[PDB]
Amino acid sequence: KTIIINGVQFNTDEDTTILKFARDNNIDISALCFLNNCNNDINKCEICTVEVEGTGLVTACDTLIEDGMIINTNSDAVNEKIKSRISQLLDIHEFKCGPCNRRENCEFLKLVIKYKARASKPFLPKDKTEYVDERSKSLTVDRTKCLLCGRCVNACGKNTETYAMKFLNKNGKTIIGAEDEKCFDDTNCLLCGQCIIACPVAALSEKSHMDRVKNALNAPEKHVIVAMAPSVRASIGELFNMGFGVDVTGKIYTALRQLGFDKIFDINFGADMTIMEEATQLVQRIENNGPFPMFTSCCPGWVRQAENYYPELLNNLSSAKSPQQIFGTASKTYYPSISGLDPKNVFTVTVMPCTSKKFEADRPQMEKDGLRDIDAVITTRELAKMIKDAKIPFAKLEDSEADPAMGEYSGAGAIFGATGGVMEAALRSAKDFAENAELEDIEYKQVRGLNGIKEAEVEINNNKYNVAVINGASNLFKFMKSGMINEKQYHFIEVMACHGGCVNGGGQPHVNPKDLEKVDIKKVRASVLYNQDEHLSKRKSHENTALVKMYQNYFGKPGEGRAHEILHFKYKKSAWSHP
């Protein structure tokens, strides 16, 4: 219980690692491959090296403290070891930060500066083509940056339990990649991008849509609509040193105008649309007394999980399009009818916290009359890069508002970005629809928060119903495999692939791992959303006035006829085959 670190004595009953004990006691220990409570078991980076008297050099991140330990974190032996390991990394690292997309927030660069490290022989490949894989609609790899730290492999395992990201033996050398070095899209990968979030450097990235967007903007005849996800207004401010949990909605609208977008709408409008359709489908099922359960279908990471692991549930998914695609569909049909635009000249761009959204947008059948629902999807990070490249002073911009026709949104739509958000929003409408009433108690705190699996009983029209909120792809696996699905009859289930909801999406700003233990990123980003909900006068999707008018004037009644024909999408399992 007694340990000495750099000459300082501590008394403690704690059972923890040297790294965690030292950092709790404000002692600096560097780390690289340690993240998500694990390190690279096979190829330890050893950046967390410390000296334990009587033992030698040990890795602090996976060595437990023991009574009587005398530890030096900053001896010559230690600093030369760490510097040596960083130098070896530089030997396989294309160290050219100028045009690098992690230039502003790279963990490796920070370590190189800290230890004054240099390559024993600079790595300068002639042909990066063999190092880069951009076949995916969603994820790209640049192995000239890869430190083989395993953080993406561990994060895939931890977050999704698919292990789609693996170590591979290629040409007799170790790389990371997909099963058999396939394109990720052709594997059980969810394209959720949690591996990207985990990456300390620029080796993993989103598939860029930025030139699709800039081309559309500069095309004379193109009318470029832009619309951002719920999570974007709660996040993007982090990349302009505005801190965490800042609502920057009004600034984003202003910046998008300054970027030259022709119409400023909002995906939250599409969220209200999804609710209109999905809550209607839920009431339909309640009155048909089936089929049950109905699952949400707005998360393309979860749709891919269902496709790849549970195709028997594909017919249990709501046929309502996701906020992105339903908005997109409306952008090519309703929007011209109220604007005069030639549908073929409309180019619809979304801004998402999500890499999987790019795959969804590019699904061959997400189209009508030769017109894509969505033409481009850029991540939070990409929009930040566009803003910085345009030299727009984001933090000092005035607030503007969205164009109302497809920009208004309710508080129900606003909270989509948090785990349990869709559930809560959908219940607010379904209850009003089924009872043909406008109920006052609308908050469903039971489905909120970061618990991995959330259940609640709701009563609708003198009948009790069972709902569940699955928070993260690994938790969907747990729910199903453990038979939790069978311990009662579920009627409506929300699934999000990313733990925390879209606020923790694969397209979101990276956050430093130590600032990550300072701030709960999942809760602080979500707090912006719930707070908008609390202060909006319209808190149900079906009270959205521009939505109501669009339905009254163009689509008709949700869930039926026109709305069904246009605003819905069904996923179908493959017929039985041998082999």
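A residue's number is simply how far along the shown sequence it sits, counting from 1.
*Asks:* Should the higher mean CA B-factor in the entry be assigned to 250-258 or to 222-230?
*Replies:* Taking the mean B-factor of the alpha carbons in each, 250-258 is higher.
*Asks:* Highest mean C-alpha temperature factor of the two stretches 101-109 and 322-330, which is it?
*Replies:* Taking the mean B-factor of the alpha carbons in each, 101-109 is higher.
*Asks:* So among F123, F269, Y335, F184, who wins on Cα B-factor in the entry?
*Replies:* So the option with the highest C-alpha B-factor is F123.
*Asks:* Highest CA temperature factor in the entry: which of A306, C298, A402, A216?
*Replies:* Comparing C-alpha B-factors across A306, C298, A402, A216, the maximum falls on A402.
*Asks:* For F477, return the chain-relative third of its C-alpha B-factor as stated in the PDB record: lowest, middle or highest.
*Replies:* It falls in the bottom third of the chain.
*Asks:* Among all modelled residues of this chain, ranked by Cα B factor, put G150 in the bottom, middle or top third, i.e. lowest, middle or highest.
*Replies:* CA B-factor rank for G150: lowest third.
*Asks:* Using the B-factors in the PDB entry, rank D41's C-alpha atom against the chain and give the third, lowest, middle or highest.
*Replies:* For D41, whose C-alpha B-factor we compare with every modelled residue in the chain, the answer is the middle third.
*Asks:* Ordered by C-alpha B-factor within the chain, which third holds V519? Give me lowest, middle or highest, please.
*Replies:* Highest third of the chain for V519's C-alpha B-factor.
*Asks:* Taking the chain's C-alpha temperature factors as the reference, tell me which third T174 falls into: lowest, middle or highest.
*Replies:* Tercile = middle for this residue's CA B-factor.
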